[PDB]
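J.: The following block contains the structure, expressed as structure tokens.
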Amino acid sequence: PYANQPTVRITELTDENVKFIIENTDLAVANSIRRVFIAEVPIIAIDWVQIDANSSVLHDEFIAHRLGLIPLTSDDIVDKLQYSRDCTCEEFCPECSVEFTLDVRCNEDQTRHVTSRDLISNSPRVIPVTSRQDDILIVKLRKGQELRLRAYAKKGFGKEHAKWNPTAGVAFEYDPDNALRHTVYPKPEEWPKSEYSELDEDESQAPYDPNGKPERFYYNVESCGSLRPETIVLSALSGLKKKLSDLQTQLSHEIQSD
Amino acid sequence: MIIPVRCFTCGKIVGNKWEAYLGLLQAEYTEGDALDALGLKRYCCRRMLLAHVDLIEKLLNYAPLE
Amino acid sequence: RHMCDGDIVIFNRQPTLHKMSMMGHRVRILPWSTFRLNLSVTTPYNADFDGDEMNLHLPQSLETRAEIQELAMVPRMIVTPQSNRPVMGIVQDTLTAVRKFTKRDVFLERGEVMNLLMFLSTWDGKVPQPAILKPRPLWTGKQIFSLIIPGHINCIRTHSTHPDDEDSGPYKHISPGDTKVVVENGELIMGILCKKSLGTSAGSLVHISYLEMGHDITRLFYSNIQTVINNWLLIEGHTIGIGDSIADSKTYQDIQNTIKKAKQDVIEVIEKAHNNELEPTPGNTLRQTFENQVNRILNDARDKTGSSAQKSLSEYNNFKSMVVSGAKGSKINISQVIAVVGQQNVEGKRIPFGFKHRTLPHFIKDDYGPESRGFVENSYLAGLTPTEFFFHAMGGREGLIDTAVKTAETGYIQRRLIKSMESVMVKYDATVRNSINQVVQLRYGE
Amino acid sequence: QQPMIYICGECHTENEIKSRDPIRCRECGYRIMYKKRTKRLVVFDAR
Amino acid sequence: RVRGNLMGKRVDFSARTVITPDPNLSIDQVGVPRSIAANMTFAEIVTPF
Amino acid sequence: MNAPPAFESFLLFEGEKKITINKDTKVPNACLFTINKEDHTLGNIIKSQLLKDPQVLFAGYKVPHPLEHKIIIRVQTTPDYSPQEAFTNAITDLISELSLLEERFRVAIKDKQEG
Amino acid sequence: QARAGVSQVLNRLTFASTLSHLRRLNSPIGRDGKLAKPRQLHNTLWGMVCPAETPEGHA
Amino acid sequence: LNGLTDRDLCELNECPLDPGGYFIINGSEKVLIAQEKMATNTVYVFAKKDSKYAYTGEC
Amino acid sequence: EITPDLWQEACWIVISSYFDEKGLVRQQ
Amino acid sequence: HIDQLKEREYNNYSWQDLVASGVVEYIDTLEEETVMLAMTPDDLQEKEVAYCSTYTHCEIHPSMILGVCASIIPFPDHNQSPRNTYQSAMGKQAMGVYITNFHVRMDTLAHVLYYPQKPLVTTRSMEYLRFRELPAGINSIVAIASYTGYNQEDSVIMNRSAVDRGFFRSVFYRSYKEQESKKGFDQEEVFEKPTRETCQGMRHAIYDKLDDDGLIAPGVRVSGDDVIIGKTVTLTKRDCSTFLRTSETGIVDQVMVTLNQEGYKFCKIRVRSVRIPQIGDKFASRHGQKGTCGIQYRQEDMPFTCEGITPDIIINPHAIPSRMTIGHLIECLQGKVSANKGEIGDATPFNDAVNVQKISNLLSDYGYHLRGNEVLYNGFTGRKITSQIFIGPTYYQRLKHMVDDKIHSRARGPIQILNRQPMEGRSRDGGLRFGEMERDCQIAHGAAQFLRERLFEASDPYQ
Amino acid sequence: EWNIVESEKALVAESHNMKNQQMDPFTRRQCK
Amino acid sequence: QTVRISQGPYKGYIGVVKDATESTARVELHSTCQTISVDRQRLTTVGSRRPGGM
Amino acid sequence: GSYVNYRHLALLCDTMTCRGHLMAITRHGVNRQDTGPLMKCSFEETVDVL
Ligand SMILES: [Mg+2]
Ligand SMILES: [Zn+2]
Ligand SMILES: [Zn+2]
Ligand SMILES: [Zn+2]
């Protein structure tokens with residue numbers, strides 16, 4: 001009547017994605033961790049843009065939309081900042097936000113490519129993905145136009161909006177061989193073998209297994225560039241733990257109150 | 001009108017690849033090869049470079065001044 | 001005060017053909033801005049959730065609110081007097097989902113069972129004994145569905161794929177194909193549920209529930225059916241694709257052979273008519289009998305191809321599942337998709353000669369062959385020839401024009417019918433009269 | 001002291017047009033002219 | 001007059017909005033939005049209860 | 001125009017409780033836990049963890065309406081084991097398992113880098 | 001006493017609509033006629049008039 | 001804009017993609033729908049039955 | 001010389017030439 | 001001729017050359033009845049059973065019969081004629097970049113889409129229709145299935161994360177026209193801020209929002225029942241100025257002022273509005289599969305394939321068999337093939353070399369099921385779905401039938417002048433008509449009190 | 001230009017591989 | 001007048017007060033096309049003037 | 001293949017055969033009945049009957 005002892009094994013560690021395997025755990029925990037990877041992951045992003053002069057051809061809101069989707073590295077800043085909603089001051093304080101500025105005006109004859117590199121941030125570590133591969137194209141200006149603005153970044157998670165969605169695409173998969181029969185293939189011979197399939201090329205699918213629980217969940221968390229993959233996993237685990245702790249505290253208070 | 005910043009389905013940044021895609025297509029590479037040369041595995045992110053129409057150019061033709 | 005949750009309104013759709021088009025509903029505010037309503041209530045209104053519009057009036061008097069609540073309400077207006085059968089029935093994906101849910105080969109674990117019971121507004125709170133204790137507790141789809149049936153209902157219905165030569169022979173009370181629905185004490189025992197037992201048909205399970213149990217009980221029955229079947233559909237899942245439209249590569253051979261045989265037969269008929277051998281059938285001229293024979297040959301060929309296609313499907317096919325469930329489709333649709341479309345008639349006849357003695361410039365004069373008069377030999381999966389494409393367009397246009405004229409004529413017909421018997425009623429003297437107190441019937445409906 | 005500055009149609013040259021005056025550019029002379037962006041706090045939420 | 005404003009009139013407290021499916025609601029319920037609910041009203045008599 | 005904001009899915013409103021206990025009357029030792037501003041993430045793991053415990057006769061959650069941010073968890077244990085302590089133990093052991101999983105993942109990462 | 005609808009407002013909602021509107025026909029027969037011979041797609045309309053593009057209301 | 005290069009069209013706040021062929025009345029795009037009628041100077045021999053004549057040689 | 005088989009490509013060059021010489025709204 | 005024509009543009013070769021050379025010929029409808037037309041040149045002439053062997057002409061390409069809106073339909077022959085006609089009528093209602101110089105136009109009711117991608121499968125006919133340059137839709141990863149139930153009776157489920165990233169996010173403009181004129185000898189209009197003192201007739205709305213010239217400046221927040229132009233007519237003055245229509249809630253793009261033919265001050269203002277795709281918006285594909293978005297789920301809730309590819313739209317499987325739109329399925333399969341390969345595919349109506357078997361064989365060469373089905377996972381619990389869902393790219397459109405432009409309500413609004421009954425029309429803030437058929441239905445229900453209330457109490461009380 | 005040459009090479013390749021064409025989903029009319 | 005929400009979930013938005021009362025005040029949000037009813041104390045005037053005028 | 005309860009058919013038949021002669025459902029058969037001027041104008045021929 002207690003929990004289990006899951007094991008972890010990394011198969012590929014890079015600066016763009018990680019492929020780990022989790023064994024000896026329930027399917028619900030795996031799916032929940034996945035949904036946390038996508039939704040509930042603190043990360044910094046643009047959420048308040050003050051446009052002062054936009055003579056471009058696009059709409060006034062289009063600039064804000066594109067700026068909202070520009071990732072910002074927050075390897076060690078997201079854990080320090082606090083949610084603007086829970087701030088105890090007025091105006092976007094640097095202790096709970098990061099300021100940006102963009103002032104580009106096409107003067108020469110050739111057309112400009114206003115890229116993310118023009119976002120001059122006040123903080124050193126909170127910068128768009130241009131450290132170490134072109135930059136995110138914002139808009140194109142022509143001789144006579146300009147784009148002056150300054151925006152602030154805040155902490156948020158994907159559940160609020162897609163801008164705070166660090167993971168590009170999580171490849172969640174378990175039981176490569178259709179052993180638990182959770183999916184019935186009308187013609188097994190017509191399907192290809194999974195990447196993690198240990199079955200030989202002769203047999204189509206593993207035989208049935210009545211007394212068999214799902215284990216060995218494979219993951220392929222792919223970072224967009226803002227947070228490192230392993231960092232995404234650690235943040236998700238810590239956040240899920242915090243949610244459970246808060247729920248437990250609330251439950252204890254409710255029981256005590258009754 | 002302009003290349004999006006991220007793939008609608010997946011979420012991977014694709015905004016910073018339109019210029020690279022055009023350059024690779026211009027040099028010698030074809031589309032089917034350039035897409036995987038840039039690093040686009042999933043087919044959901046490959047439509048952004050194949051389906052996208054670049055209409056910002058026609059818009060820039062109507063320069064306000066000079 | 002503003003409209004709050006629990007208030008009574010009168011939701012209505014613009015074309016009010018019959019009584020079951022303006023029923024009261026209880027209010028429930030939701031964030032987004034779109035009217036919503038249970039899918040079962042879509043059949044009466046004839047709505048389609050494809051950009052429709054539905055009005056919503058609101059009374060301003062406790063008198064009228066109570067009157068609507070007691071007379072015009074959804075649970076109270078389940079059975080209609082026009083055909084004394086239910087109007088709200090399961091006619092969407094829930095129907096196909098439940099059909100697959102009640103097959104003999106449906107087994108659920110404790111987790112799934114306990115998850116499905118949560119979506120039950122009338123659960124007594126006791127877990128039923130599993131149908132298979134060892135080697136592992138496994139419930140069965142029918143056993144879970146029994147708890148959804150309220151009260152002690154008893155009814156007998158037949159499934160869509162019920163072979164007629166089964167009651168006469170042995171295995172009457174134990175059917176190998178799991179047909180012959182049998183419910184006792186409100187518990188499903190045999191058969192697979194389909195439109196024949198859950199849809200809008202006389203004697204359906206919902207009809208029996210309404211007649212025996214109260215209207216609110218039937219309402220809870222509908223709610224539980226949808227809330228459980230839709231949730232289990234997540235684990236099951238339903239779809240459709242090319243894999244469900246491909247034949248077995250032998251059915252194509254049979255279809256091609258049949259089509260070639262039909263072509264040879266029609267050519268032989270034409271040759272006989274040319275050489276003056278086909279004698280006129282009684283009651284018809286030579287051209288009439290020639291056309292009738294050709295049409296019969298083509299229809300027989302189409303039926304043979306459709307039957308061959310139907311017999312060549314697999315239980316996992318989705319078209320067949322949706323057709324046997326009766327949710328949306330028919331056998332002729334599968335026949336047209338796979339085997340062959342058929343003849344593109346217009347004005348109850350074959351394609352006429354718009355040009356001088358020929359349908360289109362491509363075909364030569366006096367070409368009464370099947371493909372030259374509308375017979376579409378190909379199928380929607382394998383594309384269509386341009387000529388048959390144009391003929392198919394002609395048929396669709398004929399149908400559209402028919403629908404437009406019907407939509408314009410039936411309204412006037414209904415208006416005249418309503419303006420001639422708008423004052424007739426049943427007085428307290430248990431007799432039907434009109435505004436002039438002239439007795440029309442000593443007893444309503446004799 | 002705001003004389004309601006405008007922007008010419010084709011010249012894109014600023015012009016000071018006051019009430020009870022013809023709508024024409026200071027040079028060349030056209031009949032089309034647009035206004036300038038407001039000076040208010042145009043603040044959007046990149047949502 | 002007869003068919004225009006005596007047998008078919010225009011009534012207040014009405015609405016007309018697109019419809020969408022919602023199986024989580026019972027057959028007798030209806031998912032009205034918030035704007036229409038706040039715009040309409042229901043005259044209720046005061047009572048100490 | 002009536003689209004709800006995005007913070008109403010996780011942030012609590014003034015007056016709304018995060019968790020409320022309500023005893024059921026149809027069977028003994030059965031309570032329905034109603035959670036506010038949560039989704040399947042925080043209910044499916046608890047459902048499974050309760051399923052692991054043998055003393056829990058019944059366990060399962062639901063979502064009264066997808067647009068509404070609320071989930072009801074119904075628990076029924078043996079008469080000698082109240083459902084409150086069952087919920088507490090499920091949360092406690094789940095937290096312990098997540099912490100251990102995090103530690104193992106961290107050590108695996110630190111060993112993977114040059115090792 | 002004259003005809004109606006001969007000169008319509010060009011629907012500039014999408015380029016396809018503009019192309020369609022600029023190449024559209026209209027028969028002078030009375031609107032919503034009981035007959036059904038002129039509405040039916042005739043065999044001679046091969047390669048001259050699109051057999052699929054047409055309204056679905058009364059016209 | 002008779003045979004004018006796309007450069008000028010772009011400079012004149014117009015696009016080379018516009019099909020054209022639509023009048024401008026009071027700043028509104030008016031288009032003339034192509035009306036169809038019976039071909040003139042051709043003999044038609046109909047057979048109207050709802051009349052006193054068996055055949056009618058309209059021209 | 002006649003163009004056997006290899007005609008799907010030469011089928012649309014004529015269409016391209018026609019649409020280039022005469023526009024879509026050329027009749028008006 | 002083909003060689004000389006393929007080198008056109010460069011030298012000077014055009015269609016007139018073919019016509020003069022004596023290769024093509026214009027045959028009109030009256031002469032087409034006396035020629036033995038042929039469909040294709042190779043197939044219908046080689047040597048077989050002697051059909052006619054006297055062909056006089058030969059068509060260019062069979063698919064050329066289609067018109068304008070029908071041509072953009074991929075695989076029209078694979079679908080039933082009514083659905084092709086529905087698509088042809090709905091194509092004209094698709095939003096997008098309707099003209100490149102849209103920022104200069106001041107038309108009324110202009111819609112523009114942010115990211116109008118190009119169809120992954122383009123017919124050889126739309127190359128001249130100019131569709132690829134000005135498309136009207138976005139290629140979405142559509143998965144035909146019944147995930148939850150909110151997409152059952154002709155409805156879809158869009159991805160909230162996709163909308164957040166700008167999926168089918170379009171804009172809505174609304175231009176205005178208003179000018180001063182000499183009404184009479186004493187009557188005269190003039191643009192001027194109607195103050196609270198001199199102007200007698202005046203609205204209970206905000207007026208300092210606009211500048212002194214009387215025209216609201218660009219890029220200013222506006223809402224329903226707000227003054228947009230400062231017109232005041234002297235009788236002291238009457239506020240004869242217009243207001244933004246109720247339930248518009250936009251922002252001013254630009255303000256244009258000029259003189260009309262008469263010589264008076266004429267000005268036009270257009271207000272934009274970022275319409276985020278919400279439930280109730282009508283969508284449609286290129287095959288007649290209309291529908292309205294029922295609910296929107298976030299990415300975490302939507303299902304997913306073996307990798308992170310969540311469907312963007314989920315139509316009802318049941319809409320396929322009754323309507324017989326296999327062309328839609330073929331389009332989805334070919335789009336999957338094209339995306340995997342990396343080049344646009346061909347969907348010409350009659351091609352004799354595009355079947356399902358060959359496409360399936362191509363798709364099998366990339367690690368995907370030959371029929372396009374794939375294994376998803378329940379986005380909630382994470383259990384595999386038993387049925388292999390059919391997911392793949394597909395080109396979808398968005399119609400202008402927004403829900404905000406149709407939603408309407410009423411509570412003792414303005415009344416007419418002739419018969420004291422409510423107004424008519426959403427713009428005039430009118431009530432719905434309680435038609436005679438509704439009266440007959442109510443009589444059938446026998447609810448006389450409700451009937452009398454609707455016809456007297458809430459219609460036109462009078463003593 | 002690359003698409004034009006691609007189409008021409010596809011046509012010549014299709015003409016070359018004229019060994020056998022046995023496919024199920026395709027048909028054509030054959031009158032008389 | 002133009003105000004700015006300094007506390008609460010909408011902290012950071014900018015809008016113009018439409019209808020004000022003794023306790024609450026309706027403020028139309030600039031970005032989103034929706035009007036909310038936020039408490040007056042949560043607002044902070046920012047104004048929009050034009051110094052100079054010469 | 002549809003079904004309609006016989007009661008409705010019988011009621012329609014009796015109403016069309018109540019006054020002995022076959023009253024037509026059109027304006028020429030119902031307005032001849034001595035129902036009342038306010039009821040005849042509703043169906044058709046408003047000003048004529050008034
Ligand atoms: Mg409909
Ligand atoms: Zn702060
Ligand atoms: Zn993608
Ligand atoms: Zn000037």
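Labels used: A, B, ... for chains in the order of the structure tokens, numbers from 1 for residues in each chain, and numbers from 1 for ligands as shown.
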As a quick test: using only C-alpha atoms and all ligand atoms, which residues lie no more than 8 Å away from ligand 1? Give them as an MDAnalysis selection string.
T.: chainID C and resid 47:52
J.: Give me, as a VMD selection string, the contact residues of chain D against chain A at a cut-off of 9 Å, counting only C-alpha atoms.
T.: chain D and resid 37 39 to 47
J.: Could you write those residues out with C-alpha atoms, as a PDB file, in the first residue's frame?
T.:
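Now in out-v2.pdb:
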ATOM      1  CA  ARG D  37      -0.675  58.073 -34.849  1.00  0.00           C
ATOM      2  CA  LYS D  39       0.072  60.038 -28.616  1.00  0.00           C
ATOM      3  CA  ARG D  40      -1.793  57.830 -26.138  1.00  0.00           C
ATOM      4  CA  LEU D  41      -0.394  54.822 -24.277  1.00  0.00           C
ATOM      5  CA  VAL D  42      -0.902  52.187 -26.956  1.00  0.00           C
ATOM      6  CA  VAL D  43      -0.028  49.125 -24.861  1.00  0.00           C
ATOM      7  CA  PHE D  44      -0.726  45.612 -26.066  1.00  0.00           C
ATOM      8  CA  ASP D  45      -0.479  42.221 -24.436  1.00  0.00           C
ATOM      9  CA  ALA D  46       1.518  39.801 -26.546  1.00  0.00           C
ATOM     10  CA  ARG D  47      -1.148  37.138 -26.178  1.00  0.00           C
TER      11      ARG D  47
END
J.: What does the distance between atom CA of residue 314 of chain J and atom CA of residue 391 of chain J come to in Å, to one decimal place?
T.: 8.9 Å
J.: Around ligand 2, which protein and nucleic acid residues have at least one atom no more than 10 Å from it, if we count only C-alpha atoms and all ligand atoms? List them as a ChimeraX atom specification.
T.: /A:81-97
J.: I need the chosen residues saved as an mmCIF file, in the first residue's frame, with C-alpha atoms.
T.:
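Written output follows (part18.cif):
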data_model
loop_
_atom_site.group_PDB
_atom_site.id
_atom_site.type_symbol
_atom_site.label_atom_id
_atom_site.label_comp_id
_atom_site.auth_asym_id
_atom_site.auth_seq_id
_atom_site.Cartn_x
_atom_site.Cartn_y
_atom_site.Cartn_z
ATOM 1 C CA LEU A 81 11.712 35.646 -10.461
ATOM 2 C CA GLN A 82 8.193 35.606 -9.052
ATOM 3 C CA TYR A 83 4.872 35.704 -10.839
ATOM 4 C CA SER A 84 3.801 39.229 -11.701
ATOM 5 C CA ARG A 85 0.379 38.410 -10.286
ATOM 6 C CA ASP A 86 1.915 37.688 -6.875
ATOM 7 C CA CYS A 87 4.251 40.688 -6.976
ATOM 8 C CA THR A 88 4.030 43.182 -4.122
ATOM 9 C CA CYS A 89 4.790 46.374 -6.032
ATOM 10 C CA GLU A 90 3.560 48.453 -8.970
ATOM 11 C CA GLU A 91 4.914 48.601 -12.518
ATOM 12 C CA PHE A 92 7.006 45.748 -13.877
ATOM 13 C CA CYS A 93 9.752 45.633 -11.261
ATOM 14 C CA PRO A 94 13.046 44.082 -12.437
ATOM 15 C CA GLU A 95 12.868 41.763 -9.443
ATOM 16 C CA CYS A 96 9.786 40.224 -11.092
ATOM 17 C CA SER A 97 10.289 40.980 -14.807
#
J.: Looking only at the backbone, which of the residues in chain H does DSSP tag as helix (DSSP H, G or I), as a list in words?
T.: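 Output for chain H, helix (DSSP H, G or I) only: residues 6, 7, 8, 9, 10 and 11 of chain H.
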J.: Could you list, as a list in words, every residue within 12 Å of residue 252 of chain C, counting only C-alpha atoms and ignoring same-chain residues fewer than 6 positions away?
T.: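 That gives residues 246, 258, 259, 305, 306, 308, 309, 312, 338, 339, 340, 378, 379, 381 and 382 of chain C; 23, 24, 25, 26 and 27 of chain K.
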J.: So that I can check the surroundings of segment 42-49 of chain G, please list as an MDAnalysis selection string every protein, DNA and RNA residue that reaches within 8 Å of it, counting only C-alpha atoms and ignoring chain neighbours fewer than 3 positions away.
T.: (chainID C and resid 353:355 359:360 394) or (chainID J and resid 29 64:67)
J.: I'd like a table as a tab-separated table: residues in chain H with an atom no more than 10 Å from chain D, each row giving the shortest atom pair and its distance in Å to one decimal, only C-alpha atoms counted, sorted by chain and rising residue number.
T.:
residue	atom	partner	partner_atom	distance
H:11	CA	D:10	CA	9.9
H:12	CA	D:10	CA	9.5
H:13	CA	D:10	CA	9.9
J.: To check your reading of the model: which residues sit at most 8 Å from ligand 3 when counting only C-alpha atoms and all ligand atoms? Write the answer as a PyMOL selection string.
T.: (chain B and resi 7-12+40+42-48) or (chain J and resi 309)
J.: Give me a file of those residues, with C-alpha atoms, as a short mmCIF file (atom, residue, chain, number, x, y, z; two decimals), in the first residue's frame.
T.:
data_model
loop_
_atom_site.label_atom_id
_atom_site.label_comp_id
_atom_site.auth_asym_id
_atom_site.auth_seq_id
_atom_site.Cartn_x
_atom_site.Cartn_y
_atom_site.Cartn_z
CA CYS B 7 5.10 25.49 -35.80
CA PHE B 8 1.39 25.45 -35.03
CA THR B 9 1.30 21.75 -34.25
CA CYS B 10 4.67 20.97 -32.69
CA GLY B 11 5.99 24.29 -31.38
CA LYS B 12 9.59 24.18 -32.65
CA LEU B 40 13.07 19.24 -39.44
CA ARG B 42 8.46 15.71 -37.99
CA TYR B 43 6.22 16.24 -40.99
CA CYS B 44 4.15 18.76 -39.05
CA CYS B 45 6.98 21.29 -39.01
CA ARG B 46 7.78 20.73 -42.70
CA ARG B 47 4.60 22.37 -43.95
CA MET B 48 5.78 25.74 -42.59
CA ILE J 309 2.35 15.49 -33.19
#
J.: Let me see if you get this right: every residue at most 7 Å from ligand 4, counting only C-alpha atoms and all ligand atoms, written as number ranges by chain.
T.: D: 24-31
J.: Mind giving me the straight-line distance from atom CA of residue 39 of chain C to atom CA of residue 23 of chain E in Å, one decimal?
T.: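 Value for the atom CA of residue 39 of chain C-atom CA of residue 23 of chain E distance: 6.3 Å.
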J.: Quick one: residues within 10 Å of residue 194 of chain J, only C-alpha atoms, excluding same-chain residues fewer than 2 positions away - as a short mmCIF file (atom, residue, chain, number, x, y, z; two decimals) with N, CA, C and O atoms, in the first residue's frame?
T.:
data_model
loop_
_atom_site.label_atom_id
_atom_site.label_comp_id
_atom_site.auth_asym_id
_atom_site.auth_seq_id
_atom_site.Cartn_x
_atom_site.Cartn_y
_atom_site.Cartn_z
N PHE J 191 -17.57 69.57 -38.59
CA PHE J 191 -16.89 68.67 -37.66
C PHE J 191 -16.42 69.48 -36.47
O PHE J 191 -15.64 70.43 -36.62
N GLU J 192 -16.87 69.11 -35.27
CA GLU J 192 -16.51 69.85 -34.08
C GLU J 192 -16.93 69.04 -32.86
O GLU J 192 -18.00 68.44 -32.87
N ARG J 196 -20.60 69.92 -23.73
CA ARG J 196 -21.72 69.63 -22.84
C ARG J 196 -22.63 70.82 -22.65
O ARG J 196 -23.61 70.72 -21.90
N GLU J 197 -22.34 71.95 -23.29
CA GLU J 197 -23.05 73.19 -23.04
C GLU J 197 -23.84 73.65 -24.26
O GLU J 197 -25.06 73.80 -24.19
N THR J 198 -23.17 73.88 -25.39
CA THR J 198 -23.86 74.47 -26.53
C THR J 198 -24.75 73.46 -27.26
O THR J 198 -25.85 73.81 -27.69
N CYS J 199 -24.29 72.22 -27.41
CA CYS J 199 -25.06 71.23 -28.16
C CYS J 199 -26.21 70.73 -27.30
O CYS J 199 -26.00 70.24 -26.18
N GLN J 200 -27.44 70.85 -27.81
CA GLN J 200 -28.61 70.38 -27.07
C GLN J 200 -28.77 68.87 -27.22
O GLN J 200 -28.67 68.12 -26.25
N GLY J 201 -29.02 68.42 -28.45
CA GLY J 201 -29.07 66.99 -28.71
C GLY J 201 -27.69 66.39 -28.55
O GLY J 201 -26.72 66.86 -29.16
N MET J 202 -27.58 65.36 -27.72
CA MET J 202 -26.29 64.77 -27.41
C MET J 202 -26.50 63.38 -26.84
O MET J 202 -27.54 63.09 -26.24
N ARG J 203 -25.51 62.52 -27.04
CA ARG J 203 -25.56 61.15 -26.56
C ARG J 203 -24.86 61.04 -25.21
O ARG J 203 -24.03 61.88 -24.84
N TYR J 207 -16.88 61.79 -25.29
CA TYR J 207 -16.50 62.58 -26.45
C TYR J 207 -15.07 63.08 -26.44
O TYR J 207 -14.54 63.35 -27.52
N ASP J 208 -14.42 63.19 -25.29
CA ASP J 208 -13.05 63.69 -25.30
C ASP J 208 -12.06 62.67 -25.87
O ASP J 208 -10.87 62.98 -25.97
N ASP J 212 -9.47 67.60 -31.33
CA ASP J 212 -10.29 68.78 -31.56
C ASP J 212 -10.81 68.84 -32.99
O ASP J 212 -11.87 69.41 -33.23
N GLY J 214 -12.19 66.68 -34.58
CA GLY J 214 -13.42 65.93 -34.64
C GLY J 214 -13.29 64.53 -35.20
O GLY J 214 -14.30 63.83 -35.32
N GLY J 230 -16.80 63.86 -35.06
CA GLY J 230 -17.38 64.97 -34.34
C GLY J 230 -18.27 65.90 -35.16
O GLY J 230 -18.01 67.10 -35.22
N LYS J 231 -19.30 65.36 -35.79
CA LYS J 231 -20.21 66.16 -36.60
C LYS J 231 -21.29 66.78 -35.73
O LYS J 231 -21.89 66.11 -34.90
N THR J 232 -21.53 68.08 -35.94
CA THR J 232 -22.54 68.84 -35.21
C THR J 232 -23.23 69.78 -36.20
O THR J 232 -22.56 70.58 -36.85
N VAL J 233 -24.55 69.69 -36.30
CA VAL J 233 -25.32 70.51 -37.23
C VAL J 233 -26.00 71.62 -36.45
O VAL J 233 -26.58 71.39 -35.38
N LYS J 237 -26.40 73.61 -31.29
CA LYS J 237 -26.07 72.59 -32.26
C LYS J 237 -26.67 71.25 -31.86
O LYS J 237 -26.94 70.99 -30.69
N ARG J 238 -26.88 70.40 -32.86
CA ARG J 238 -27.40 69.05 -32.66
C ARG J 238 -26.30 68.05 -32.99
O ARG J 238 -25.64 68.17 -34.03
N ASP J 239 -26.10 67.08 -32.10
CA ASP J 239 -25.05 66.07 -32.28
C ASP J 239 -25.52 65.05 -33.32
O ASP J 239 -25.98 63.95 -33.00
N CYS J 240 -25.38 65.42 -34.59
CA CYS J 240 -25.74 64.54 -35.69
C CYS J 240 -24.52 63.75 -36.15
O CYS J 240 -24.11 63.77 -37.30
N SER J 241 -23.91 63.05 -35.19
CA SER J 241 -22.70 62.27 -35.43
C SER J 241 -22.97 60.78 -35.29
O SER J 241 -23.87 60.35 -34.56
#
J.: Could you check which of J:295, J:39, J:228, J:94 is closest to chain F, using only C-alpha atoms?
T.: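 Using only C-alpha atoms, the shortest distance to chain F belongs to J:295.
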J.: Residues of chain K within 12 Å of chain B, using only C-alpha atoms, as a ChimeraX atom specification?
T.: /K:2-3,6
J.: Give me, as a PyMOL selection string, all polymer residues having an atom no more than 7 Å from residue 59 of chain B, counting only C-alpha atoms and skipping those fewer than 4 positions away in the same chain.
T.: (chain A and resi 57) or (chain B and resi 55) or (chain J and resi 100-101)
J.: Write a file of the just-selected residues containing C-alpha atoms, as a JSON list (two decimals), in the first residue's frame.
T.:
[["chain", "number", "residue", "atom", "x", "y", "z"],
["A", 57, "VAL", "CA", 3.20, 47.20, -43.11],
["B", 55, "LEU", "CA", 3.48, 37.91, -49.35],
["J", 100, "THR", "CA", -2.11, 42.72, -51.91],
["J", 101, "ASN", "CA", -2.86, 46.44, -51.53]]
J.: Which neighbours of residue 110 of chain F fall inside 12 Å, counting only C-alpha atoms, when residues of the same chain fewer than 5 positions from it are skipped, and could you give them as a PyMOL selection string?
T.: (chain A and resi 9-10+13+230) or (chain F and resi 103-105+115)
J.: At a cut-off of 10 Å, which residues of chain J touch chain L? Count only C-alpha atoms and give the answer as a PyMOL selection string.
T.: chain J and resi 205-206+208-209+220-223+247-251+273-276
